[PDB]
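S.K.: Below are the structure tokens for one structure; questions will follow.
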Amino acid sequence: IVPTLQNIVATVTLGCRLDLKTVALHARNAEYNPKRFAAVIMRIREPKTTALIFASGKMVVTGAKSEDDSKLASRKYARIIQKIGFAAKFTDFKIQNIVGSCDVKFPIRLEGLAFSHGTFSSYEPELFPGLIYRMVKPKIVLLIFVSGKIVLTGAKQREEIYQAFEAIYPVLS
Amino acid sequence: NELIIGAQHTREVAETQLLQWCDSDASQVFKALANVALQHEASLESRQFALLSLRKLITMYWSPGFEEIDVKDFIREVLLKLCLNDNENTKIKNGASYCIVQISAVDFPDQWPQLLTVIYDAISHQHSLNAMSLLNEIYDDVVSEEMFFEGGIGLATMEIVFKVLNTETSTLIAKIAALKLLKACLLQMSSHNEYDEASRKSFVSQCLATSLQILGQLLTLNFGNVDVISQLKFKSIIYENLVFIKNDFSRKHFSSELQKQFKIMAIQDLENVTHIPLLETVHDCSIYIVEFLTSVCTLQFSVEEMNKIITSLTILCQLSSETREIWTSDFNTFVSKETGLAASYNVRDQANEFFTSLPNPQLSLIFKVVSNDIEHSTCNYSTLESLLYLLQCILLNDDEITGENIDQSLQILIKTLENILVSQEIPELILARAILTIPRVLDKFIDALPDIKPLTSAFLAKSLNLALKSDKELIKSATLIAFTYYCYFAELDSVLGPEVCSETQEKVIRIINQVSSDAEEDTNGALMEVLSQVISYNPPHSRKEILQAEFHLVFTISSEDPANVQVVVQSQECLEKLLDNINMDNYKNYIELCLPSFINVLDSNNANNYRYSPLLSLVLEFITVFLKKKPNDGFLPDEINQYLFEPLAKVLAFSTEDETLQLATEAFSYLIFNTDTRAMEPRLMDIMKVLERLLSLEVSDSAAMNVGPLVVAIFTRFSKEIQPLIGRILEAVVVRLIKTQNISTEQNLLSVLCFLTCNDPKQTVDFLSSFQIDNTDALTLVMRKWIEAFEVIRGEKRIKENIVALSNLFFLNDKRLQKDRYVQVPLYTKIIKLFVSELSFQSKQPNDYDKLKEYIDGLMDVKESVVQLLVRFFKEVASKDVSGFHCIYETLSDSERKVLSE
């Protein structure tokens, strides 16, 4: 079972510095409240995402359920701010990391599976449910829950998530 | 007065006399000006015009940022009565208030902190409507969290607000600006949520708790039917406060019982507003209502409550007659809206946001309810128009929807939707929304519907054929958007036959031709975005008619709208997805297909001397992309060069603008790299002219940045005819290097020297030494500059090649190189200690809304690390003391010579 990407982080370097206020002035569906999360939030009709336009010019966007959708969205954000009295060349798009989720839906005896790793697997269920794991090839954080849900973060493309899923799958099985 | 009359373009020159007088004794000028507006022996408009003069008068001298006590005090004192006088007309008080705000935001605390005492006196004792709203405005100007609590000001403000909201005798108009004052207050509350302090946090929490019940009683209050319009404004402001409380403050500060009460009360008010500048007033009021309903989406809802919301919104989201007219007379805006490019955000625009955040069961029940609400409304059309936009809204929500009655309601709904298309009397807008929304229904229930697969083809055929026949292109103007959504989840290329896929393509291509023909710069994106997703669906076999089309589509479309950004990027993206799965055999026909169009761009721009044009840059990008997309096997067939060198050659030659020269240079270098050698050497001299000019005073350092890749590309072909022109290359490169003042570009330039000394060190040093620039040897300054390059060198990647270069350099045994504090020492001595020190350092090993801000935050590859090459070098040279290294090693300091062995 390939694990669905539940979120994506994408970043881009819009060509120029921007004035947050103008954006909040012109498009004005951006809530800009300095000194609390000091960068403008924007959201659009489709796909559903938030995006932090920074005055300094760079940008992050999250909400896409696919690499292609994350692109398509960041493009729209670039287009919109461009209509706001600025020039920006959509460049250097990249996906610093994603997060992928999939639930096996059947608890397993994870006590011994934790000891199987020991140095990697840290397990304190009373503090908080789940189990934090590191997989070598490549580096990626895994959350493995007695409930059955597996979360993964740190990847850059779908292949990393799929291969980490499959690599840790028999161990938990 | 008379001078004010003259000052208030002949008036512009007349006020120059006032400006000249102000140049003298600005301090005294201020009070003299203030007297004019003060005095009643002046036309009220003239007094306002004096006010508006005071704006620019203050900035130049009164505000040091641009760069008398009684005089400034007199201005404020006069304004006290003048601005706040009810008998004054709105314009006069507003002009005065602008002076208040300018002077306050820059000088209020030091000059006059008690201004606030005057304001409380006015707003409390006199109930001055102007005073309270003016205070609200000034709030942001100086009201700091520190001054809010430690200044104690916030306390006086809040208590004034509660006092006023207690006075039922006070007019609705008073309470409006009071509520706006309340929001102004809430903003200071906003930031304190993350970090809390006992004293102020307690007062803040008490303020919130008090405010909530005041707002509740205000909700319960009703106003006279004689004045309904103001009530709407009065109502709207109330709700906006609500939302800022919920979405900005921790749950603890808002209770579930409060949320339920406000939910029911807001729904009832929404219904009443539904039942009633008038229309825009109602409609703007409704938006904050719906936004709160969203922010309390978590709370359960009754089926009757859900029907209330549906039958109310479906009336709210009816577009006016004039908007129908706009999108009928101009559909180019329509897409700007639909793809979220518009600025306008109406109820129709906020409801779509609403239904997304609902959890599953509420969403599913709402879906069920609207399912029947649709069939009930099929007769009246605009009802179905808006209700279908709303159905899209739920459908957009990612969560699944499940229902045993939902299944059959869905079959009936699909039958109704097809009825929409088959009928020929349907209004334009509703059919466009139906085309744009059916794919949402398909996506939401893709798994649910057993007949989904043939149904996808059936709907695509129906909708697209419909998109052939439309005297009005709005139907088509929406079908293209709908096609992206279709391709969101419809693996039609896999499902449908390659002939079926290609015919659907040619179908859309003709649709895009028709629509594009009149497309507005707002839309070019969406069109070409569909173009891309169509491209990705092309089927070894190559059908050149469709591919020729799709290309010319790409380029025509981009032509009119180069400056826009999504057009640029999706264009390049399209272009790349044509050049997939292309071998040298197929690659020919692409040569002829593509190069002529690009060539003609540059040729046309030649009339503009290759001065930057967005289409120019866009084409240079396209050709870089084509270049890169060559099939791995083989080289670049010459005819490609035959076409590409002379236009790109003149591109470089004539142009001087950095970024355009760069966008060319990259393709230039890449071409010259992949090209077969034998074609180049006739072009060698021309390439030398190019590399020279790129390394020349005329061109800036930014241009010189990307000369490098070309350099290595030159060697990649051969060296035989390179050597006689080496000396020329070296002279040009060094003369460019000396004048450069970009440290990044300077580092890049020095990065070139690796291969230059890799092929031969003797000619390099001999020529550079021999050459004199203004009877001055370039070698000495080159070595010094290289030293400073070290002093700021960043990136070990360049360093590894620097070691390869130094292996060539050290054995030259150049005698001249052997021959506050400033390091002026012979090179052979110097370099050894620097690299030994770098090695010594390397011996010592150096090793979610918050997280996003942190998510922001050479020529050759050498597998051997620094240590291996350095140790073998030092073993071979220190023992053999090559190039006067005996003196250097024997006089070497032992501070890090012992650390060397590590």
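Line by line, the protein sequences are chains B and A. Residue numbering for the first sequence follows the entry's author numbering, beginning at 63 and increasing consecutively. Using the entry's author numbering, the letters of the second sequence correspond one by one to residues 4 to 11, 16 to 74, 83 to 291, 302 to 564, 567 to 846, 872 to 899, 932 to 941, 957 to 1001. Every residue gets a Cβ at the ideal spot worked out from N, C-alpha and C, and that includes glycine.
1. Could you work out which residues of chain A lie near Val-122 of chain B, taking near to mean beta carbons separated by less than 9 angstroms?
2. Along chain A, which residues have their Cβ under 8 angstroms away from the Cβ of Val-71 of chain B?
3. Which one of A:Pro-898, A:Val-961, A:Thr-881 and A:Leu-891 has the shortest CA to CA distance from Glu-989 of chain A?
4. If I follow the unbroken beta strand (DSSP E) through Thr-66 of chain B, where does it start and stop?
5. Go ahead and label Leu-366 of chain A buried or exposed: buried means 16 or more other beta carbons lie within 10 angstroms of its beta carbon, across all protein chains shown.
6. Three or more beta-carbon pairs under 8 angstroms between the region 303-314 of chain A and the region 244-259 of chain A, yes or no?
7. Using only CA atoms, which one of A:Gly-110, A:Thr-105 and A:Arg-91 lies nearest to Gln-126 of chain A?
8. So, at 7 angstroms on beta carbons, what are the nonlocal neighbours of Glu-103 of chain A in its own chain, with the 5 sequence-adjacent residues on each side left out?
9. DSSP puts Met-104 of chain B in a beta bridge; with which residues?
10. Give me the Cβ distance between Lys-469 of chain A and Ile-426 of chain A, rounded to the nearest whole Å; I'm assuming they're in contact under 8 angstroms.
11. So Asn-208 of chain A and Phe-277 of chain A are in contact, right, with Cβ under 8 angstroms, and what is the actual spacing, rounded?
12. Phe-662 of chain A and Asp-612 of chain A: beta carbons closer than 8 angstroms?
13. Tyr-135 of chain A to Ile-175 of chain A, Cα distance in whole Å?
14. Around the C-beta of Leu-201 of chain A, are 16 or more other C-beta atoms found within 10 angstroms, so that it is buried, or is it exposed?
15. So that I know if they touch, is there some Cβ in chain B lying closer than 8 angstroms to that of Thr-319 of chain A?
16. When you compare the CB of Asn-256 of chain A with every CB in chain B, is at least one pair closer than 8 angstroms?
17. For the alpha helix (DSSP H) holding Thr-358 of chain A, just list the boundary residues, first then last.
18. Measure the alpha-carbon distance for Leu-233 of chain A versus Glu-554 of chain A and round it to whole angstroms.
19. Would a C-beta distance cut-off of 8 angstroms place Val-102 of chain B and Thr-111 of chain B closer than the cut-off?
20. Can you list, in chain order, the stretches of the alpha helix (DSSP H) that have 4 or more residues and sit fully within the region 380-445 of chain A?
21. Assign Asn-151 of chain A to buried or exposed, taking buried as 16 or more other Cβ atoms, counted over all protein chains shown, within 10 Å of its Cβ.
22. Could you say which of A:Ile-455, A:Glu-443, A:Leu-383 and A:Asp-432 lies nearest to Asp-423 of chain A if we only look at CA atoms?
23. By how many angstroms is the C-alpha of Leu-420 of chain A removed from the C-alpha of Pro-65 of chain B?
24. Are the Cβ atoms of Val-717 of chain A and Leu-958 of chain A separated by less than 8 angstroms?
25. Rounded to the nearest angstrom, what separates residue 236 of chain B and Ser-209 of chain B at their Cα positions?
26. DSSP puts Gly-162 of chain B in a beta bridge; with which residues?
27. Could you please tell me which residues of the region 197-226 of chain A, in chain order, have their CB closer than 9 angstroms to any CB of chain B?
28. Are any of the Cβ atoms in chain B nearer than 8 angstroms to that of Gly-957 of chain A?
29. Pull up the distance between the alpha-carbon of residue 2 of chain A and that of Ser-598 of chain A, whole angstroms please.
30. Does chain C have any CB closer than 8 angstroms to the CB of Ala-111 of chain A?
31. With 8 angstroms set as the bound, which would you pick, yes or no: does the beta-carbon of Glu-221 of chain B sit closer than that to a beta-carbon of chain A?
32. Mark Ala-730 of chain A as exposed unless 16 or more other C-beta atoms lie within 10 angstroms of its C-beta, in which case mark it buried.
33. With 8 angstroms set as the bound, which would you pick, yes or no: does the beta-carbon of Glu-108 of chain B sit closer than that to a beta-carbon of chain A?
34. Have a look at A:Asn-287, A:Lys-267 and A:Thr-358 and flag the residue whose alpha-carbon is nearest the alpha-carbon of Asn-240 of chain A.
35. Report back the beta-carbon spacing between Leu-99 of chain A and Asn-42 of chain A to the nearest angstrom; my notes put them in contact at under 8 angstroms.
36. State the Cα-Cα distance for the pair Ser-396 of chain A and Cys-418 of chain A, rounded to the nearest angstrom.
M.R.: In terms of the structure at hand:
1. As a working mapping, residue 122 of chain B is identified with position 60 in the first sequence. The contacting residues are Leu-936, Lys-937, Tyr-939 and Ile-940.
2. As a position in the first sequence, residue 71 of chain B is number 9, starting the count at 1. Under the 8 angstroms cutoff, chain A gives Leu-936 and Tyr-939.
3. In the second sequence, counting from the first residue as 1, residue 989 of chain A sits at position 890. Nearest option by C-alpha distance: A:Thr-881.
4. By one-based count along the first sequence, residue 66 of chain B stands at place 4. Looking at the DSSP string, the run of the beta strand (DSSP E) that includes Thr-66 of chain B is 66-75.
5. The residue you call residue 366 of chain A lines up with position 341 of the second sequence. Only buried fits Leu-366 of chain A, as 16 or more other CB atoms lie within 10 angstroms of its CB.
6. A contact exists between the region 303-314 of chain A and the region 244-259 of chain A.
7. As a position in the second sequence, residue 126 of chain A is number 111, starting the count at 1. Nearest C-alpha to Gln-126 of chain A: A:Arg-91.
8. Taking the second sequence and counting its residues from 1, one reaches residue 103 of chain A at position 88. Excluding positions up to five away in sequence, the list reads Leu-97.
9. The residue you call residue 104 of chain B lines up with position 42 of the first sequence. DSSP lists B:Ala-113 as partners of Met-104 of chain B.
10. As a position in the second sequence, residue 469 of chain A is number 444, starting the count at 1. As a position in the second sequence, residue 426 of chain A is number 401, starting the count at 1. That pair is a contact at about 7 angstroms.
11. Translated into positions along the second sequence, residue 208 of chain A becomes position 193. Translated into positions along the second sequence, residue 277 of chain A becomes position 262. No, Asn-208 of chain A and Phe-277 of chain A are not in contact; Cβ-Cβ is about 20 angstroms, not under 8 angstroms.
12. Working through the second sequence from its first residue, we reach residue 662 of chain A at position 635. Working through the second sequence from its first residue, we reach residue 612 of chain A at position 585. Not in contact: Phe-662 of chain A and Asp-612 of chain A (Cβ atoms no closer than 8 angstroms).
13. The count along the second sequence starts at 1 and reaches residue 135 of chain A at position 120. The count along the second sequence starts at 1 and reaches residue 175 of chain A at position 160. A straight line joining the alpha-carbon of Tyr-135 of chain A with that of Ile-175 of chain A spans about 8 angstroms.
14. On the second sequence, residue 201 of chain A is found 186 positions in, with the first residue counted as 1. With 16 or more neighbouring CB atoms inside 10 Å of its own CB, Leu-201 of chain A falls in the buried class.
15. Within the second sequence, the letter at position 294 stands for residue 319 of chain A. For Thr-319 of chain A, the answer is no, since every Cβ of chain B falls outside 8 angstroms of its Cβ.
16. As a working note, residue 256 of chain A is residue 241 in the second sequence. It does not: the Cβ of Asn-256 of chain A has no partner Cβ on chain B nearer than 8 angstroms.
17. Taking the first residue of the second sequence as position 1, residue 358 of chain A is located at position 333. Judged by DSSP secondary structure, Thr-358 of chain A falls within the alpha helix (DSSP H) whose first and last residues are 356-363.
18. In the second sequence, residue 233 of chain A corresponds to position 218, counting from 1. In the second sequence, residue 554 of chain A corresponds to position 529, counting from 1. C-alpha separation (whole angstroms): 50 angstroms.
19. Along the first sequence, read from residue 1 onward, the residue named residue 102 of chain B stands at position 40. Along the first sequence, read from residue 1 onward, the residue named residue 111 of chain B stands at position 49. Going by beta carbons, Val-102 of chain B and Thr-111 of chain B fall outside the 8 angstroms limit.
20. 385-402 and 406-421
21. Taking the second sequence and counting its residues from 1, the one referred to as residue 151 of chain A is at position 136. The residue is buried, with at least 16 neighbouring Cβ atoms inside 10 Å.
22. For the purposes of this step, residue 423 of chain A is taken as residue 398 along the second sequence, with counting starting at 1. Cα-wise, what sits closest to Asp-423 of chain A is A:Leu-383.
23. Along the first sequence, one-based indexing puts residue 65 of chain B at 3. Along the second sequence, one-based indexing puts residue 420 of chain A at 395. Taking C-alpha positions only, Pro-65 of chain B is separated from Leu-420 of chain A by approximately 23 angstroms.
24. Mapped onto the second sequence, residue 717 of chain A falls at position 690. Mapped onto the second sequence, residue 958 of chain A falls at position 859. Cβ atoms of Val-717 of chain A and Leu-958 of chain A: not closer than 8 angstroms.
25. Residue 236 of chain B is absent from the model: chain B starts at 63 and stops at 235.
26. By one-based count along the first sequence, residue 162 of chain B stands at place 100. In the DSSP output, where bridge partners are listed per residue, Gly-162 of chain B has B:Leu-67 and B:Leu-214.
27. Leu-202, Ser-205, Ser-206, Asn-208 and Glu-209
28. Sequence index remark: in the second sequence, residue 957 of chain A carries index 858 (1-based). No, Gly-957 of chain A does not count as interfacial toward chain B.
29. Outside the modelled stretch of chain A, which goes from 4 to 1001, sits residue 2 of chain A, for which no answer is possible.
30. Absence of chain C from the displayed structure is noted, the protein chains being B and A.
31. Numbered from 1 along the first sequence, position 159 holds the residue referred to as residue 221 of chain B. No, because no Cβ of chain A sits closer than 8 angstroms to the Cβ of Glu-221 of chain B.
32. Position 703 of the second sequence, counted from the start, is the residue given in the question as residue 730 of chain A. Label assigned to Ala-730 of chain A: buried.
33. Translated into the one-based positions of the first sequence, residue 108 of chain B becomes position 46. By this cut-off, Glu-108 of chain B is an interface position.
34. Counting from one through the second sequence, the residue named residue 240 of chain A turns up at place 225. Comparing Cα positions, the closest option is A:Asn-287.
35. Residue numbering aside, residue 99 of chain A sits at position 84 when the second sequence is read from its first letter. Residue numbering aside, residue 42 of chain A sits at position 35 when the second sequence is read from its first letter. Actually they are not in contact, since the Cβ atoms of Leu-99 of chain A and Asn-42 of chain A sit about 19 angstroms apart, beyond 8 angstroms.
36. Reading the second sequence from its first residue, position 371 is the one you call residue 396 of chain A. Reading the second sequence from its first residue, position 393 is the one you call residue 418 of chain A. Taking the straight line joining both Cα atoms gives about 13 angstroms.
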